[PDB]
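Chemist: Once you've seen the sequence and the experimental structure below, I've got questions.
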Amino acid sequence: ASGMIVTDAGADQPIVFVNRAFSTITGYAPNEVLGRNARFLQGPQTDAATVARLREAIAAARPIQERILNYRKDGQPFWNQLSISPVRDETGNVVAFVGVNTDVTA
Amino acid sequence: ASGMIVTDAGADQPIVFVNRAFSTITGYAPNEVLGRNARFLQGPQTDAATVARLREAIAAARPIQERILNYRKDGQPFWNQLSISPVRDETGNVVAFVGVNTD
Ligand SMILES: Cc1cc2nc3c(=O)[nH]c(=O)nc-3n(C[C@H](O)[C@H](O)[C@H](O)COP(=O)(O)O)c2cc1C
Ligand SMILES: Cc1cc2nc3c(=O)[nH]c(=O)nc-3n(C[C@H](O)[C@H](O)[C@H](O)COP(=O)(O)O)c2cc1C
């Protein structure tokens, strides 16, 4: 169904966990993405304005939803319905980010 | 630093990921918690009414916070400042649960 990406909150948000659906959608195994920023999913037809909105939202730890053009490991484009939210503790500290991916290419 | 627990949405919400602080707080390594329901952290003096509120919130995929008595691997009791929220896709399907153990 829907992919899930968990990243660290700091140091440019390296991936720390992906679910099985993430591999189904993107063609990447966990081994191939752990420790990397998720921006490797982008490529030349990705909308720069959309990437800028993601960058500013993540810097502010503000939830954001975007439809963004991404690329499978072998280079096949797909439309990623992407929702990112910070994970906060009760003091308001950001512990992680969680991203949900749906392939909406259909 | 605050602990984080990620579980699957269905079956019995098995743990699929914990952060470093989870191990600092609880004394459990990832290998000894992955695939288990987090209820193993509970013990003799855990408040049953608190557990029942968590049970109903998870069943309905509702956000909840509880201060719950838990036990470290070595059996020492500690107060877990626990907050749980569902992770949803845009069609409203629950993909996972995320728990935070606030430091
Ligand atoms: C939890 C999380 C999941 C993300 N998932 C994706 C994704 O699936 N596709 C994507 O293009 N970018 C994703 N990103 C965004 C990139 O990692 C990055 O934040 C974005 O490209 C903007 O920053 P940049 O301009 O430094 O690349 C995700 C970010 C986070 C924090
Ligand atoms: C993501 C997540 C994290 C959880 N973390 C804890 C925890 O740290 N301590 C705890 O006692 N219960 C925790 N729980 C709750 C138990 O897993 C379980 O839902 C609760 O005991 C109520 O269900 P039960 O009556 O079937 O045990 C967590 C649940 C979820 C979904």
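Modeler: The structure has been received and is ready for your questions. Numbering: from 1, shown residues only, chains lettered A, B, ... in the order given. Ligands and ions are numbered 1, 2, ... in the order given.
Chemist: how far away is residue A:5 from residue B:27?
Modeler: 28 Å (C-beta to C-beta, to the nearest Å). All C-beta spots, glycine's among them, are computed from the backbone N, C-alpha and C.
Chemist: Who has more neighbours out of the two?
Modeler: Neighbour totals were compared for residue A:5 and residue B:27, and residue A:5 leads with 22 against 15 (other C-beta atoms under 10 Å in any protein chain shown).
Chemist: Can you name the residues that contact the residue lying closest to residue A:71 once chain neighbours are set aside?
Modeler: Closest residue to residue A:71 apart from its sequence neighbours, by C-beta to C-beta, 6 or more residues apart in numbering or on different chains: residue A:43 at 4.4 Å. Residue A:43 makes contact with A:69-71, A:75, A:77, according to C-beta atoms under 8 Å, 6 or more residues apart in numbering or on different chains.
Chemist: Out of those residues, name the ones that lie in strands.
Modeler: With DSSP state E as the criterion, strands contain A:69-71, A:77 from among those.
Chemist: Name whatever forms a beta bridge with residue A:100.
Modeler: Residue A:100 has these beta-bridge partners by DSSP bridges: residue A:4, residue A:83.
Chemist: so what's it up against?
Modeler: Counted by C-beta under 8 Å, 6+ apart, residue A:100 has contacts A:2-5, A:82-83, B:87-90, B:95.
Chemist: Surely residue A:62 is in a helix?
Modeler: No - the assignment for residue A:62 is coil, going by DSSP: H, G, I helix; E, B strand; the rest coil, so no helix is present there.
Chemist: can you give me how far the longest helix seen in chain A is from the chain middle?
Modeler: Among the segments of chain A that qualify as a helix by DSSP state H, the longest is helix A:48-59. Remark: helix A:48-59 is offset 12 Å from the chain centroid, using C-alpha atoms, centre = their mean, to the nearest Å.
Chemist: How about stretch A:6-24?
Modeler: Relative to the mean C-alpha coordinate of its chain, stretch A:6-24 is positioned 7 Å out (C-alpha atoms, centre = their mean).
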